[PDB]
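Okay, input-v5.pdb now, which holds PDB, C-alpha atoms (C1' of nucleotides):
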MODEL        1
ATOM      1  CA  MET A   1       0.000   0.000   0.000  1.00  0.00           C
ATOM      2  CA  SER A   2       1.551   3.248  -1.200  1.00  0.00           C
ATOM      3  CA  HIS A   3       1.387   6.417   0.885  1.00  0.00           C
ATOM      4  CA  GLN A   4      -0.771   8.134  -1.755  1.00  0.00           C
ATOM      5  CA  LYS A   5      -3.472   5.645  -0.740  1.00  0.00           C
ATOM      6  CA  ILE A   6      -2.860   6.534   2.915  1.00  0.00           C
ATOM      7  CA  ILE A   7      -3.507  10.262   2.477  1.00  0.00           C
ATOM      8  CA  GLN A   8      -6.476   9.503   0.200  1.00  0.00           C
ATOM      9  CA  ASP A   9      -7.981   7.751   3.231  1.00  0.00           C
ATOM     10  CA  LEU A  10      -6.932  10.769   5.324  1.00  0.00           C
ATOM     11  CA  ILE A  11      -9.073  13.099   3.193  1.00  0.00           C
ATOM     12  CA  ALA A  12     -12.120  11.049   4.270  1.00  0.00           C
ATOM     13  CA  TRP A  13     -10.752  10.613   7.805  1.00  0.00           C
ATOM     14  CA  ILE A  14     -11.818  14.073   8.999  1.00  0.00           C
ATOM     15  CA  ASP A  15     -14.773  15.093   6.786  1.00  0.00           C
ATOM     16  CA  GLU A  16     -17.345  13.950   9.374  1.00  0.00           C
ATOM     17  CA  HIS A  17     -15.234  14.680  12.490  1.00  0.00           C
ATOM     18  CA  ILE A  18     -14.251  18.352  12.184  1.00  0.00           C
ATOM     19  CA  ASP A  19     -16.972  19.251  14.703  1.00  0.00           C
ATOM     20  CA  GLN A  20     -15.202  16.926  17.183  1.00  0.00           C
ATOM     21  CA  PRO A  21     -12.128  17.765  19.298  1.00  0.00           C
ATOM     22  CA  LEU A  22      -9.745  16.179  16.778  1.00  0.00           C
ATOM     23  CA  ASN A  23      -6.053  16.601  17.626  1.00  0.00           C
ATOM     24  CA  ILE A  24      -2.834  15.118  16.258  1.00  0.00           C
ATOM     25  CA  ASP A  25      -2.561  12.692  19.206  1.00  0.00           C
ATOM     26  CA  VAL A  26      -5.737  11.060  17.856  1.00  0.00           C
ATOM     27  CA  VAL A  27      -4.889  11.258  14.127  1.00  0.00           C
ATOM     28  CA  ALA A  28      -1.413   9.774  14.612  1.00  0.00           C
ATOM     29  CA  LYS A  29      -2.475   7.027  17.040  1.00  0.00           C
ATOM     30  CA  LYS A  30      -5.435   5.843  14.933  1.00  0.00           C
ATOM     31  CA  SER A  31      -3.257   5.692  11.798  1.00  0.00           C
ATOM     32  CA  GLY A  32      -0.484   3.352  12.982  1.00  0.00           C
ATOM     33  CA  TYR A  33       2.299   5.962  12.840  1.00  0.00           C
ATOM     34  CA  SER A  34       3.982   8.440  15.167  1.00  0.00           C
ATOM     35  CA  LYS A  35       3.224  12.053  16.083  1.00  0.00           C
ATOM     36  CA  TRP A  36       5.689  13.757  13.745  1.00  0.00           C
ATOM     37  CA  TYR A  37       6.121  11.293  10.844  1.00  0.00           C
ATOM     38  CA  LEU A  38       2.632  11.836   9.372  1.00  0.00           C
ATOM     39  CA  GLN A  39       3.588  15.452   8.551  1.00  0.00           C
ATOM     40  CA  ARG A  40       6.708  14.660   6.497  1.00  0.00           C
ATOM     41  CA  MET A  41       4.806  12.390   4.107  1.00  0.00           C
ATOM     42  CA  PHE A  42       1.939  14.891   3.954  1.00  0.00           C
ATOM     43  CA  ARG A  43       3.971  17.416   1.937  1.00  0.00           C
ATOM     44  CA  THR A  44       4.888  15.079  -0.938  1.00  0.00           C
ATOM     45  CA  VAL A  45       1.283  14.041  -1.667  1.00  0.00           C
ATOM     46  CA  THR A  46      -0.887  17.192  -1.754  1.00  0.00           C
ATOM     47  CA  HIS A  47       1.600  20.158  -1.588  1.00  0.00           C
ATOM     48  CA  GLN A  48      -0.196  21.709   1.428  1.00  0.00           C
ATOM     49  CA  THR A  49      -0.011  21.655   5.225  1.00  0.00           C
ATOM     50  CA  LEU A  50      -1.744  19.388   7.751  1.00  0.00           C
ATOM     51  CA  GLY A  51      -2.207  21.334  10.992  1.00  0.00           C
ATOM     52  CA  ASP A  52      -3.492  24.380   9.142  1.00  0.00           C
ATOM     53  CA  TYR A  53      -5.709  22.293   6.838  1.00  0.00           C
ATOM     54  CA  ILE A  54      -7.696  20.868   9.752  1.00  0.00           C
ATOM     55  CA  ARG A  55      -8.287  24.536  10.583  1.00  0.00           C
ATOM     56  CA  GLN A  56      -9.079  25.119   6.886  1.00  0.00           C
ATOM     57  CA  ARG A  57     -11.931  22.627   7.196  1.00  0.00           C
ATOM     58  CA  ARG A  58     -12.804  24.062  10.625  1.00  0.00           C
ATOM     59  CA  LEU A  59     -12.997  27.600   9.225  1.00  0.00           C
ATOM     60  CA  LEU A  60     -14.955  26.142   6.304  1.00  0.00           C
ATOM     61  CA  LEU A  61     -17.352  24.626   8.855  1.00  0.00           C
ATOM     62  CA  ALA A  62     -17.768  27.952  10.674  1.00  0.00           C
ATOM     63  CA  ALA A  63     -18.870  29.642   7.436  1.00  0.00           C
ATOM     64  CA  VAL A  64     -21.454  26.936   6.664  1.00  0.00           C
ATOM     65  CA  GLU A  65     -22.576  27.163  10.298  1.00  0.00           C
ATOM     66  CA  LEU A  66     -22.993  30.926   9.891  1.00  0.00           C
ATOM     67  CA  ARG A  67     -24.785  30.965   6.523  1.00  0.00           C
ATOM     68  CA  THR A  68     -27.267  28.315   7.753  1.00  0.00           C
ATOM     69  CA  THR A  69     -27.351  28.305  11.577  1.00  0.00           C
ATOM     70  CA  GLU A  70     -27.931  31.149  14.050  1.00  0.00           C
ATOM     71  CA  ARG A  71     -25.053  30.198  16.362  1.00  0.00           C
ATOM     72  CA  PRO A  72     -22.851  33.087  17.635  1.00  0.00           C
ATOM     73  CA  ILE A  73     -19.165  33.672  16.957  1.00  0.00           C
ATOM     74  CA  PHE A  74     -17.956  33.337  20.565  1.00  0.00           C
ATOM     75  CA  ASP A  75     -18.796  29.654  21.135  1.00  0.00           C
ATOM     76  CA  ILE A  76     -18.419  28.203  17.671  1.00  0.00           C
ATOM     77  CA  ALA A  77     -14.769  28.809  18.626  1.00  0.00           C
ATOM     78  CA  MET A  78     -15.308  26.786  21.822  1.00  0.00           C
ATOM     79  CA  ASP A  79     -15.737  23.507  19.926  1.00  0.00           C
ATOM     80  CA  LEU A  80     -13.049  24.225  17.297  1.00  0.00           C
ATOM     81  CA  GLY A  81      -9.790  24.418  19.235  1.00  0.00           C
ATOM     82  CA  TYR A  82     -10.143  27.989  20.522  1.00  0.00           C
ATOM     83  CA  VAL A  83     -10.754  29.249  24.053  1.00  0.00           C
ATOM     84  CA  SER A  84     -12.286  32.532  22.812  1.00  0.00           C
ATOM     85  CA  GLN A  85     -13.268  34.271  19.583  1.00  0.00           C
ATOM     86  CA  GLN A  86     -10.366  36.756  19.697  1.00  0.00           C
ATOM     87  CA  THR A  87      -8.042  34.629  17.550  1.00  0.00           C
ATOM     88  CA  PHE A  88     -10.901  32.733  15.846  1.00  0.00           C
ATOM     89  CA  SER A  89     -12.194  35.962  14.298  1.00  0.00           C
ATOM     90  CA  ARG A  90      -8.684  37.082  13.311  1.00  0.00           C
ATOM     91  CA  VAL A  91      -7.698  34.267  10.907  1.00  0.00           C
ATOM     92  CA  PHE A  92     -10.962  34.585   8.944  1.00  0.00           C
ATOM     93  CA  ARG A  93      -9.493  37.636   7.178  1.00  0.00           C
ATOM     94  CA  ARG A  94      -6.725  35.283   5.994  1.00  0.00           C
ATOM     95  CA  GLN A  95      -8.836  32.251   5.057  1.00  0.00           C
ATOM     96  CA  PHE A  96     -11.811  33.915   3.328  1.00  0.00           C
ATOM     97  CA  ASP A  97     -10.708  37.619   3.340  1.00  0.00           C
ATOM     98  CA  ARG A  98     -13.818  38.644   5.302  1.00  0.00           C
ATOM     99  CA  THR A  99     -15.055  39.436   8.786  1.00  0.00           C
ATOM    100  CA  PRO A 100     -17.013  36.769  10.721  1.00  0.00           C
ATOM    101  CA  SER A 101     -19.746  39.429  11.106  1.00  0.00           C
ATOM    102  CA  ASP A 102     -19.871  40.571   7.462  1.00  0.00           C
ATOM    103  CA  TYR A 103     -20.285  37.144   5.815  1.00  0.00           C
ATOM    104  CA  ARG A 104     -23.923  36.614   6.820  1.00  0.00           C
ATOM    105  CA  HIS A 105     -25.042  40.027   5.546  1.00  0.00           C
ATOM    106  CA  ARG A 106     -23.873  39.762   1.923  1.00  0.00           C
ATOM    107  CA  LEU A 107     -26.028  37.041   0.365  1.00  0.00           C
TER     108      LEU A 107
ATOM    109  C1'  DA B   1      10.787   1.527   6.339  1.00  0.00           C
ATOM    110  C1'  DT B   2      10.224   3.082  11.688  1.00  0.00           C
ATOM    111  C1'  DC B   3      11.211   8.035  14.558  1.00  0.00           C
ATOM    112  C1'  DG B   4      13.087  11.572  17.065  1.00  0.00           C
ATOM    113  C1'  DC B   5      15.928  15.937  17.143  1.00  0.00           C
ATOM    114  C1'  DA B   6      16.606  20.633  15.669  1.00  0.00           C
ATOM    115  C1'  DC B   7      16.874  25.320  12.994  1.00  0.00           C
ATOM    116  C1'  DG B   8      13.035  27.927  11.705  1.00  0.00           C
ATOM    117  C1'  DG B   9       8.005  28.749   9.885  1.00  0.00           C
ATOM    118  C1'  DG B  10       3.151  28.736  11.150  1.00  0.00           C
ATOM    119  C1'  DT B  11       0.133  29.421  15.121  1.00  0.00           C
ATOM    120  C1'  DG B  12      -2.514  28.536  19.516  1.00  0.00           C
ATOM    121  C1'  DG B  13      -2.858  30.884  24.427  1.00  0.00           C
ATOM    122  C1'  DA B  14      -3.221  34.527  28.331  1.00  0.00           C
ATOM    123  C1'  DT B  15      -4.067  39.321  29.746  1.00  0.00           C
ATOM    124  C1'  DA B  16      -5.454  43.280  27.432  1.00  0.00           C
ATOM    125  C1'  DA B  17      -7.606  46.637  24.325  1.00  0.00           C
ATOM    126  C1'  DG B  18     -10.751  47.724  20.082  1.00  0.00           C
ATOM    127  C1'  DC B  19     -15.426  48.885  17.180  1.00  0.00           C
ATOM    128  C1'  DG B  20     -20.270  51.084  15.917  1.00  0.00           C
ATOM    129  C1'  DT B  21     -25.160  50.108  17.811  1.00  0.00           C
ATOM    130  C1'  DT B  22     -29.366  50.037  20.404  1.00  0.00           C
ATOM    131  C1'  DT B  23     -31.049  51.069  25.806  1.00  0.00           C
ATOM    132  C1'  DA B  24     -30.433  51.599  30.238  1.00  0.00           C
ATOM    133  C1'  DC B  25     -30.070  54.155  35.077  1.00  0.00           C
ATOM    134  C1'  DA B  26     -28.936  59.300  36.394  1.00  0.00           C
ATOM    135  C1'  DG B  27     -31.610  63.838  36.448  1.00  0.00           C
ATOM    136  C1'  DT B  28     -35.738  67.719  34.755  1.00  0.00           C
ATOM    137  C1'  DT B  29     -39.768  69.539  31.421  1.00  0.00           C
ATOM    138  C1'  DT B  30     -44.472  69.295  29.760  1.00  0.00           C
ATOM    139  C1'  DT B  31     -49.403  68.668  29.617  1.00  0.00           C
ATOM    140  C1'  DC B  32     -53.485  66.852  30.927  1.00  0.00           C
ATOM    141  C1'  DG B  33     -56.675  64.885  34.154  1.00  0.00           C
ATOM    142  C1'  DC B  34     -59.583  65.239  38.364  1.00  0.00           C
ATOM    143  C1'  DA B  35     -60.143  65.836  42.431  1.00  0.00           C
ATOM    144  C1'  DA B  36     -60.705  67.592  47.520  1.00  0.00           C
ATOM    145  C1'  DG B  37     -61.493  71.826  49.574  1.00  0.00           C
ATOM    146  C1'  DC B  38     -63.546  76.525  49.830  1.00  0.00           C
ATOM    147  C1'  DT B  39     -67.342  79.969  48.671  1.00  0.00           C
ATOM    148  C1'  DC B  40     -71.895  80.352  47.738  1.00  0.00           C
ATOM    149  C1'  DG B  41     -77.554  80.347  47.299  1.00  0.00           C
ATOM    150  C1'  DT B  42     -81.615  79.354  48.408  1.00  0.00           C
ATOM    151  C1'  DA B  43     -85.479  76.122  49.433  1.00  0.00           C
ATOM    152  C1'  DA B  44     -86.140  73.261  53.343  1.00  0.00           C
ATOM    153  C1'  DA B  45     -86.053  72.491  58.137  1.00  0.00           C
ATOM    154  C1'  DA B  46     -86.197  74.651  62.806  1.00  0.00           C
ATOM    155  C1'  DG B  47     -87.736  77.641  66.134  1.00  0.00           C
ATOM    156  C1'  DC B  48     -90.586  81.371  68.230  1.00  0.00           C
ATOM    157  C1'  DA B  49     -94.967  84.260  69.706  1.00  0.00           C
ATOM    158  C1'  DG B  50     -99.969  84.416  69.778  1.00  0.00           C
ATOM    159  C1'  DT B  51    -104.985  82.604  69.700  1.00  0.00           C
ATOM    160  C1'  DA B  52    -110.206  87.124  74.151  1.00  0.00           C
ATOM    161  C1'  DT B  53    -117.899  83.316  74.859  1.00  0.00           C
ATOM    162  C1'  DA B  54    -116.708  80.228  78.723  1.00  0.00           C
ATOM    163  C1'  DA B  55    -114.056  76.559  81.086  1.00  0.00           C
ATOM    164  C1'  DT B  56    -111.468  76.236  88.511  1.00  0.00           C
ATOM    165  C1'  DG B  57    -109.557  69.561  93.458  1.00  0.00           C
ATOM    166  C1'  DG B  58    -106.372  62.891  90.272  1.00  0.00           C
ATOM    167  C1'  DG B  59    -108.061  59.908  92.232  1.00  0.00           C
ATOM    168  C1'  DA B  60    -108.418  55.268  87.824  1.00  0.00           C
ATOM    169  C1'  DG B  61    -106.665  50.675  88.323  1.00  0.00           C
ATOM    170  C1'  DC B  62    -103.470  50.023  90.576  1.00  0.00           C
ATOM    171  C1'  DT B  63    -102.732  46.020  95.692  1.00  0.00           C
ATOM    172  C1'  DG B  64    -105.257  40.175  96.027  1.00  0.00           C
ATOM    173  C1'  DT B  65    -103.120  38.603 100.149  1.00  0.00           C
ATOM    174  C1'  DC B  66     -95.874  34.328 102.151  1.00  0.00           C
ATOM    175  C1'  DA B  67     -94.545  34.446 106.906  1.00  0.00           C
ATOM    176  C1'  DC B  68     -90.060  34.887 109.659  1.00  0.00           C
ATOM    177  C1'  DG B  69     -86.911  37.045 111.794  1.00  0.00           C
ATOM    178  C1'  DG B  70     -84.642  41.631 113.522  1.00  0.00           C
ATOM    179  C1'  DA B  71     -84.254  46.264 115.081  1.00  0.00           C
ATOM    180  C1'  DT B  72     -86.903  50.574 115.090  1.00  0.00           C
ATOM    181  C1'  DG B  73     -89.884  53.568 117.404  1.00  0.00           C
ATOM    182  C1'  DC B  74     -93.528  55.363 119.809  1.00  0.00           C
ATOM    183  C1'  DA B  75     -96.633  54.915 124.344  1.00  0.00           C
TER     184       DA B  75
ENDMDL
END

Represent the structure from my file as structure tokens, please.
Amino acid sequence: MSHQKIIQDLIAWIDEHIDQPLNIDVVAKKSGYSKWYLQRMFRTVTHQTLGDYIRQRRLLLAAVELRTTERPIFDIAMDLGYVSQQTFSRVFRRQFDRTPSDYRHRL
DNA sequence: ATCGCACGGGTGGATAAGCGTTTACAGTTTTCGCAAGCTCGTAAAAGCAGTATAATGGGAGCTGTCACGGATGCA
């Protein structure tokens, strides 16, 4: 089994469990590998990062929880690896170039 | 393969501070509304003086009955 089949399984590993507290100590242990070694092979298969991409699906989930659900900004961050919305609102100007308040207005 | 270690990138984390937006909790101004209290007015209630043939002593339904002592008080 080549490693390009490993990371193909890893793209369906998280697509249901980004609302869960999913950390690297779960992803590495339930893959059969170590904590660091999964990140070296992750570059040569999809050209992007791993610890930011789980945020990139988490910040994708916050936008589809804002354009559909009435949940506030402060405690969507509580389930997605943040302890407050102060940093969680800040990276959204990097990921989608918008404010977490301004997305729901422009339809 | 299996996995750390490091230089360094990215960040998360702990105060902190930011932003425009729609109401508090501070204090007075305004108007309107209806009284409780005073003043009043007169029709009703309240009070007062007089009435010139002549008239001059209650009882007025009472009590219908018991009988034994003490003090009182004339005689």

Write down, as an MDAnalysis selection string, each residue of chain B that has any atom within 12 Å of an atom of chain A, counting only C-alpha atoms (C1' of nucleotides).
chainID B and resid 1:5 9:14 16:18

Excluding same-chain residues fewer than 2 positions from stretch 16-18 of chain A, what lies within 8 Å of it counting only C-alpha atoms (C1' of nucleotides), as an MDAnalysis selection string?
chainID A and resid 12:14 20:22 54 57:58 61 80

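Put simply, atom CA of residue A:107 is 8.7 Å away from atom CA of residue A:67.
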
Separation of atom CA of residue A:105 and atom CA of residue A:76, in Å?
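Pair atom CA of residue A:105 / atom CA of residue A:76 returns 18.2 Å.
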
Give me, please, the distance in Å between atom CA of residue A:71 and atom CA of residue A:93, quoted to one decimal.
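Taking atom CA of residue A:71 and atom CA of residue A:93, their separation equals 19.5 Å.
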
Please identify all polymer residues within 12 Å of residue A:44, counting all atoms listed in the file, omitting same-chain residues fewer than 6 positions from it, and present them as a count of residues only.
5

Listed atoms of stretch 22-40 of chain A, axis-aligned box, 8 Å per side: centre and edge lengths to one decimal in Å, as JSON?
{"center_x": -1.5, "center_y": 10.0, "center_z": 12.9, "size_x": 32.5, "size_y": 29.2, "size_z": 28.7}

Measuring atom to atom with all atoms listed in the file, identify which of A:75, A:26, A:95, A:42 is nearest to residue A:59.
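Among the listed residues, A:95 lies closest to residue A:59.
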